[PDB]
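Reviewing the structure listed below.
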Amino acid sequence: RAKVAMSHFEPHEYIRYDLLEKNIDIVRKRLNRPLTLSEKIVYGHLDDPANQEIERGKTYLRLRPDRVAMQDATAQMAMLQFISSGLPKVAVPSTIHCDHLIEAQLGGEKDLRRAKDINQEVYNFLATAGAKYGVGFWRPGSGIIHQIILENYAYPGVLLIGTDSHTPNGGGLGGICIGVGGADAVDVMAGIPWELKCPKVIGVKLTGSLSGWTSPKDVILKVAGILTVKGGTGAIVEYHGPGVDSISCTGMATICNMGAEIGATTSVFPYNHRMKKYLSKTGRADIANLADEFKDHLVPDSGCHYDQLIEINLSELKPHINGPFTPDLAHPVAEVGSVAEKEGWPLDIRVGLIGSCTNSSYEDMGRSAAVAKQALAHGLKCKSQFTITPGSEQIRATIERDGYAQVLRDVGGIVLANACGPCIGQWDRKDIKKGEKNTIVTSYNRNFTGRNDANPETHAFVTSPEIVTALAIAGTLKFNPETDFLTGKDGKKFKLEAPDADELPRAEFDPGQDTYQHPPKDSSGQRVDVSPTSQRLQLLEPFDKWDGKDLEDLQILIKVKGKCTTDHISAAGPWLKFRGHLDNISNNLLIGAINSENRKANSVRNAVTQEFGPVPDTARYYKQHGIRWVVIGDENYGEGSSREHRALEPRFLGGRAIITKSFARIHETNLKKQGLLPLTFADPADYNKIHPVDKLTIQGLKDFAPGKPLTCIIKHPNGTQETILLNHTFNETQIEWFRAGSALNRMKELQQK
Ligand SMILES: O=C(O)C[C@@](O)(C[N+](=O)[O-])C(=O)O
Ligand code: SF4
């Protein structure tokens, strides 16, 4: 066909639209119905399109992703498990991005230099394992994973998996980009088919066009409010309609990115002329030309069916700000000042933070600079503290060159290193004490309790970068940039004009400094060294195989009440230090979950000693004494970030099963991967039949089968027993993971020994 390379760093790996077309055509001859865009890309990547059972919401698809991307907080454990597989080289184009371990303290260069010294052991390990297994390495300072992927690796029609739940960002360039745990990335790096439950498809038809203060962020702040955080579970969100040509390519990436907050499998936009324009300005005009020739396969079929349709008229949409402790609590900016007042949310904004991969594009920085130049023209500067995170080195070098960084510095902003920083709590925040109630507004995406600064009483609101800038200048939520007046230096009242700015640089992007490290694909004789006394890295010891018996008289470690995110199960911030060390990071296990017994965090009753104490310590006491335990959870258990540490930590400390009303997708997959039993109540009311003191027996593991429920005997202290039924979503492939003790153990059994 054409021999067009997948990226500038892999000149030999060609885009296979011929394969994609061939597979779409085998499948549509079988289904004889129009296919949505996500169906064309996903089914076009099936391992076996002639025989695969295809039913939305029901069958597991065996897929062949084109590439794997990892960020350094999840890459360490993905690579420790790849190292246990014993396999010599990764099977597909794979990259590591070092963006999660650079703490914000002093700003830019200073924080990067400190991070490189503090994290040397870990950056060393990743660069060395990268050179040895043939994984490309983007050095600390290079940029945030999703911005480097949009700029270099995402293209129309790619199926990409990343060990990070905001991998959907890549949907802004017409690709299917899906968040997974590190063990799923090991399947694909090992060359074995990746499995994904066939998604439902929610269509969102966009009408009209954006005007004035409304930006692409408002489309997904509005959708999250409509769908709620559990509304997109098990579905891909597919944006379509005449209003799509009104959104820049980075804007589409913004909207696809935050679809992670409604639990969606991923989001996607159809190939159009805004993507073509972005591909040509990022050195990939040959890929835009090839996608023009396969354009029919990169847009939805006429008359395709969506399982749910939502319509949004971009011309009526007005600025939104969401939170404070969930991303789906939506408010127009115009009314948040009055709702805050009512609910007792601090009206004064201590810190305004722009950037992160969600909103650090050249157009986002240009629009924020446009608001900032107006304030400057009246002698004002920010009343709140103000920080700016560039998404990549190329964006930092280009906004520096075109003068936007200096405008943002002149209004009082501090430019932070090109890294997650305050977005996952890597922020040395000193202006408030812990427990001090305060408000910060961000252009980020998640705004859950204690995530930006480990203070549970910080009220974080997510909005667009131009609104964070307007509100940072005002210093209060009780300011609506569309209506209200500011007072300059000179005494005159003035109103902020709506920001206008170029979406892409008129000149080319300035690539900034050299940050990519290609693997020697020659040499590769590296020795990965993990010191046996390291506190940051530890090689894995395999988990135990199943004993062949039912699980009797299980102790409940904790029955959790309400929301239980993976930041409640395995907190980030300070614990990022131990992401490559399973025993040390297991000391945060479930310390944020609320115990229904006393409604406290990290305070559970030890059944033997009858002392209330920390959840980690109690689980290690049960493990030490041979007591197998269970977690009982509520709805959407495991919501959030993809970190497989939330599944590895309960396995390591002696847990056996997690029984909930429902699971978020990535966490449920991660639990199955590590040999635990994620089970749901066949009747959710049965959550109330189980009390912390009850013991449980799960029966029927001997004839464990797809679609057959498991029986659970609740043993009450007084001698009463109640039998209830538990559903599970295991197919046969996955029951083999459970019988072997984990998916990695099963893979190593298939290597003939
Ligand atoms: O797992 C991590 O490293 C944290 C993270 O960036 C990742 N994520 O999976 O969403 C987040 O947003 O919580
Ligand atoms: S922590 Fe924030 S900036 Fe980093 S990859 Fe996740 S969403 Fe993006």
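Numbering starts at 1 and runs along the chain as it is shown here.
According to its header, the structure was obtained by X-ray crystallography, 2.0 Å.
Cβ atoms here come from the backbone N, Cα and C positions, even for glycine.
Annotated features, as they stand in Swiss-Prot:
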type: MOD_RES; residues: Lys22; note: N6-acetyllysine
type: BINDING; residues: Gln71, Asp164, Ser165, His166, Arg446, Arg451, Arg579, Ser642, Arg643; note: substrate binding site
type: MOD_RES; residues: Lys116; note: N6-acetyllysine
type: MOD_RES; residues: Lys205; note: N6-acetyllysine
type: BINDING; residues: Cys357, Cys420, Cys423; note: [4Fe-4S] cluster binding site
type: MOD_RES; residues: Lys383; note: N6-succinyllysine
type: MOD_RES; residues: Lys489; note: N6-acetyllysine
type: MOD_RES; residues: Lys489; note: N6-succinyllysine
type: MOD_RES; residues: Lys495; note: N6-acetyllysine
type: MOD_RES; residues: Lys495; note: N6-succinyllysine
type: COMPBIAS; residues: 496-509; note: compositional bias 'Basic and acidic residues'
type: MOD_RES; residues: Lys521; note: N6-succinyllysine
type: MOD_RES; residues: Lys545; note: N6-succinyllysine
type: MOD_RES; residues: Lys695; note: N6-acetyllysine
type: MOD_RES; residues: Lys708; note: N6-acetyllysine
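Features per Swiss-Prot, on structure.
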residue : record                        : DSSP (3 states)
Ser165  : substrate binding site        : coil
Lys205  : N6-acetyllysine               : strand
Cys357  : [4Fe-4S] cluster binding site : coil
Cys420  : [4Fe-4S] cluster binding site : coil
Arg446  : substrate binding site        : coil
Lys489  : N6-acetyllysine               : coil
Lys545  : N6-succinyllysine             : coil
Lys695  : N6-acetyllysine               : strand
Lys708  : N6-acetyllysine               : coil
Positions whose Cβ lies under 8 angstroms from the compositional bias 'Basic and acidic residues' (496-509), at least six residues beyond its ends: 151, 212-213, 248-251, 277-278, 281-282, 362-363, 366-371, 374-375, 394-395, 397-398, 402, 466, 470, 481-482, 486
Among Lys205, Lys489, which are modified residues, the residue with the most C-beta atoms within 10 angstroms of its C-beta: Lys205
Count of other CB atoms lying within 10 Å of the CB belonging to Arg579 (substrate binding site): 25
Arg643 (substrate binding site) and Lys695 (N6-acetyllysine), distance between Cα atoms, whole Å: 29
Contacting recorded positions for ligand 1, chosen from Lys116, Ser165, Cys423, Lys495, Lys521, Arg643 when the Cβ sits under 6 angstroms of any of its atoms: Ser165, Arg643
Residues near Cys357 ([4Fe-4S] cluster binding site) in space but at least six apart in sequence (CB under 8 A): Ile144, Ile145, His146, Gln147, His166, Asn169, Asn257, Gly391
Where the C-beta lies under 6 angstroms from ligand 2, the matching modified residues among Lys22, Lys521, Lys545, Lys695, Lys708: none
Secondary structure content, the compositional bias 'Basic and acidic residues' (496-509) (per DSSP, counts of residues): 0 helix, 0 strand, 14 coil
Remaining residues near the recorded [4Fe-4S] cluster site, that is with C-beta within 8 Å of the centroid of the site residues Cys357, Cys420, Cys423: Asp99, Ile144, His166, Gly355, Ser356, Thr358, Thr389, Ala419, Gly421, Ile424, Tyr444
Three-class DSSP secondary structure - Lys116 (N6-acetyllysine): helix
Annotated substrate contacts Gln71, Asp164, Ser165, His166, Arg446, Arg451, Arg579, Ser642, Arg643, maximal Cα-Cα distance (Å, integer): 20
Sparsest Cβ surroundings (other CB atoms within 10 Å) among the modified residues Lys22, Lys383, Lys521: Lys521
